[PDB]
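Spelled out, the chains give:
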Amino acid sequence: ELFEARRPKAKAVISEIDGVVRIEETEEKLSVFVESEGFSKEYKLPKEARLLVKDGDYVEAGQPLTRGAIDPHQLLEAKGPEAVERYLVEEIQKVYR
């Protein structure tokens, strides 16, 4: 899955830009706002999904919000080549180790 650069089947959502996390939990919804100084994008997730972020936390661009495998391509647009190289080499080594 790593050597072929495939979007994982159960994949985590990563933040596109910087901001601070503001949680919203409805009975039927679990939207998450990452709020920057200019404007902000909203990510709607399944209700039972696991989160890595406490509320009101500062998240860099390309930081996993969800638990799951990162899509290497989403990461390439957000963080640039060196960040993807870091992710691939370590994630491969995880299995072999």
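Residues numbered from 1 in each chain as written, not as in the entry; some residues may be left out. Part of a larger assembly, values for the part shown. Heavy atoms only, no water.

Determination of this PDB entry was carried out by X-ray crystallography to a resolution of 3.096 Å, according to the record.

Under the PDB entry, the protein chain has the name DNA-directed RNA polymerase subunit beta' and belongs to Thermus thermophilus.

(A) The packing of aromatic side chains, seen in detail. Under the definition given, this model contains 0 aromatic pairs. Lying over the aromatic face of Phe33, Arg22 brings its terminal NZ or CZ to 4.5 Å of the ring centre. (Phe/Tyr/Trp six-rings, centres within 6.5 Å; stacked < 30°, edge-to-face > 60°. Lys NZ or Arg CZ within 6 Å of the ring centre and 35° of its normal.)

(B) Seen up close, a nonpolar patch on the surface. Judged by side-chain polarity, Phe3, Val95 and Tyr96 come together as a nonpolar surface patch covering roughly 450 Å² of accessible area. As for its position among the elements, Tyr96 is in helix α2 (residues 81–96). (Patch = residues over 30% accessible without salt bridge, like charges linked within 9 Å, V, L, I, M, F, W, Y side chains within 5 Å. Areas by Shrake-Rupley, 256 points an atom, 1.4 Å probe, with all protein chains shown as cover. Salt bridge = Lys/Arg side-chain N within 4 Å of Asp/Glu carboxyl O. Helix = DSSP H or I, 4+ residues; strand = E, 2+ residues; numbered from the N terminus.)

(C) Geometry of the sheet that holds strand β1 (residues 19–23). Strand order in the open sheet formed by 4 strands is β3-β2-β1-β4, and the pairing between neighbours is antiparallel. Looking at which strands have only one partner, the edges of the open sheet turn out to be β3 (42–43) and β4 (58–59). Summarising the sheet, β1 and strand β2 (residues 32–35) pair through 4 bridges and their orientation is antiparallel. Bridge pairing in β2 links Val21 to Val34. (Pairing = 2+ DSSP bridges.)

(D) Examining the nonpolar core more closely. Within the largest apolar cluster, 6 residues are counted, these being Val21, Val34, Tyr43, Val53, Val59 and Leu65. Within the second largest apolar cluster, 5 residues are counted, among which are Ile70, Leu75, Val84 and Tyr87. (Core = buried A, V, L, I, M, F, W, Y, C linked by side-chain atoms within 4.5 Å. Buried < 20%, exposed > 50% of the residue type's maximum accessible area, 1.4 Å probe, protein only.)

(E) A look at the layout of surface pockets. Here the largest pocket defines a volume of roughly 160 Å³. Lining of the largest pocket is provided by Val13, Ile14, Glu16, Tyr43, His73, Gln74, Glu77 and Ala78. Looking at the lining of the largest pocket element by element, the count peaks at 4 residues for helix α1 (residues 72–79). The residue inventory of the lining of the largest pocket, partitioned by class, reads 4 nonpolar, 2 polar and 2 charged. (1 Å grid on protein atoms, 1.4 Å probe; cavity = no way out; pocket = protein on both sides within 12 Å on 5 of 7 lines; lining within 4 Å. Points joined across faces, edges and corners; volume = space filled by probe spheres on them. Nonpolar A, V, L, I, M, F, W, Y, C, P; charged D, E, K, R; others polar.)

(F) Main features of the pairing of β1. Pairing analysis gives 2 bridges linking β1 to β4, with the strands arranged antiparallel. Bridge pairing in β4 links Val20 to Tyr58.

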